[PDB]
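Coordinate inspection notes
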Amino acid sequence: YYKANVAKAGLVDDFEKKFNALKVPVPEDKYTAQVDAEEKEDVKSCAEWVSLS
Amino acid sequence: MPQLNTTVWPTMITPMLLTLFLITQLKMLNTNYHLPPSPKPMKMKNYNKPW
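Its PDB header attributes the entry to cryo-EM and lists the resolution as 2.61 Å.

As annotated in the PDB entry, chain B carries the name ATP synthase protein 8 and comes from Homo sapiens. The title given to this entry in the Protein Data Bank is "Human ATP synthase state 3a (combined)". What UniProt states about chain B under its Sequence similarities heading is, verbatim, "Belongs to the ATPase protein 8 family."

Chain A carries the name ATP synthase subunit d, mitochondrial in the PDB entry, which gives Homo sapiens as its organism.

Some thoughts on the pattern of salt bridges
All names here are of chain A. Scanning all chains against the criterion turns up two salt bridges over all chains. Residues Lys3 and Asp13 are paired through a salt bridge, measuring 3.7 Å at the closest nitrogen-oxygen approach. Linking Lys3 in the segment before α1 (11-20) with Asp13 in helix α1, this pair joins segments that are ten residues apart in sequence. With a relative accessible area of 48%, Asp13 lands in the partly exposed category. Between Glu41 and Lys44 there is a salt bridge, and its shortest N-O distance comes to 3.8 Å. Separated by three residues within a single helix, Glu41 and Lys44 lie in helix α2 (residues 33-52), roughly one turn from each other. Its relative accessible area of 40% is what places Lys44 among the partly exposed residues.

Conventions we followed
Residues numbered from 1 in each chain as written, not as in the entry; some residues may be left out. Chains lettered and ligands numbered in written order. Part of a larger assembly, values for the part shown. Heavy atoms only, no water. Residues with missing side-chain atoms left out of burial classes, pairs and counts. UniProt positions renumbered as here; feature names shortened; annotations may be inferred. Salt bridge = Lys/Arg side-chain N within 4 Å of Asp/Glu carboxyl O. Helix = DSSP H or I, 4+ residues; strand = E, 2+ residues; numbered from the N terminus. Buried < 20%, exposed > 50% of the residue type's maximum accessible area, 1.4 Å probe, protein only.

What follows is the structure, encoded as structure tokens:
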């Protein structure tokens, strides 16, 4: 629909060449590792209390 | 009045003292009254979970 309906000189090609070769930044976590470590620390405090109880 | 016969008075004075002041008292000490048992069903030194 955009190859056969734009009379501009090859501009549709380089937009689409820029698109298929575009790398959208996948967001990385940076925040779950530190709550897992807090979780580990908690189960430690939990388990020692279950031992006391 | 034989009550006024002051010769046998020491025969009454001593065993009374041996009965009113030693023996009977020694039986009341052996009649103790314990405090009745109502241990309360509410005795829990507890604390919130670790947070």
